[PDB]
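As they're listed, the protein sequences go chains E and F. Counting in the entry's author numbering, the first sequence runs from 1038 upward without gaps. Counting in the entry's author numbering, the second sequence runs from 855 upward without gaps. What follows is a single structure, written as structure tokens, with notes after it.
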Amino acid sequence: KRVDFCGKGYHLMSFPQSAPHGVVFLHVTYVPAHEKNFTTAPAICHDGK
Amino acid sequence: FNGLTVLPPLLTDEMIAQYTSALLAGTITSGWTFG
Ligand SMILES: *[C@@H]1O[C@H](CO)[C@@H](O[C@@H]2O[C@H](CO)[C@@H](O)[C@H](O)[C@H]2NC(C)=O)[C@H](O)[C@H]1NC(C)=O
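In structure tokens:
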């Protein structure tokens, strides 16, 4: 859950692999895209509530 | 000076201030999604 600890962006999981004197991690990340603009409001008034 | 020298840093203070300002603007405006 700690941000950017492993993989740039939201993290899903990872795969390990060996190397002659080290390790290699493959991080799978989720990246949102195709953003659209909208207009919001914090609260809705109904029946005086 | 008798054989000792001082080298200048690669990044000047101005670009450091620019990075700090960019980070601050990004975190105020977009929250955390920009990270
Ligand atoms: C949200 O709506 C605004 C209003 O149209 C859009 O704002 C544009 O933003 C770009 C980049 O800053 C400017 O170059 C345009 O002039 C803006 N249009 C205006 C002020 O009419 C914006 O694209 C929409 N979407 C988002 C994600 O902000």
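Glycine residues also receive a C-beta, built at the ideal position from the N, C-alpha and C atoms.
Check	Outcome
Please identify the residue among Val1060(E), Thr1066(E) and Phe1042(E) whose C-alpha is closest to the C-alpha of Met1050(E).	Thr1066(E)
Kindly indicate which three-state DSSP category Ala1056(E) falls into: helix, strand or coil?	strand
Pairs of beta-carbons, one from the region 1047-1061 of chain E and one from the region 1077-1084 of chain E, closer than 8 angstroms: are there three or more?	no
Can you list, in chain order, every residue whose CB sits closer than 7 angstroms to a heavy atom of ligand 1?	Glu1072(E) and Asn1074(E)
With DSSP as the reference, label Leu858(F) as helix, strand or coil.	coil
Short of 8 angstroms in beta carbon distance, which residues of its chain neighbour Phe1062(E), apart from the five on each side in sequence? Order them along the chain.	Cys1043, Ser1051, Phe1052, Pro1053 and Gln1054
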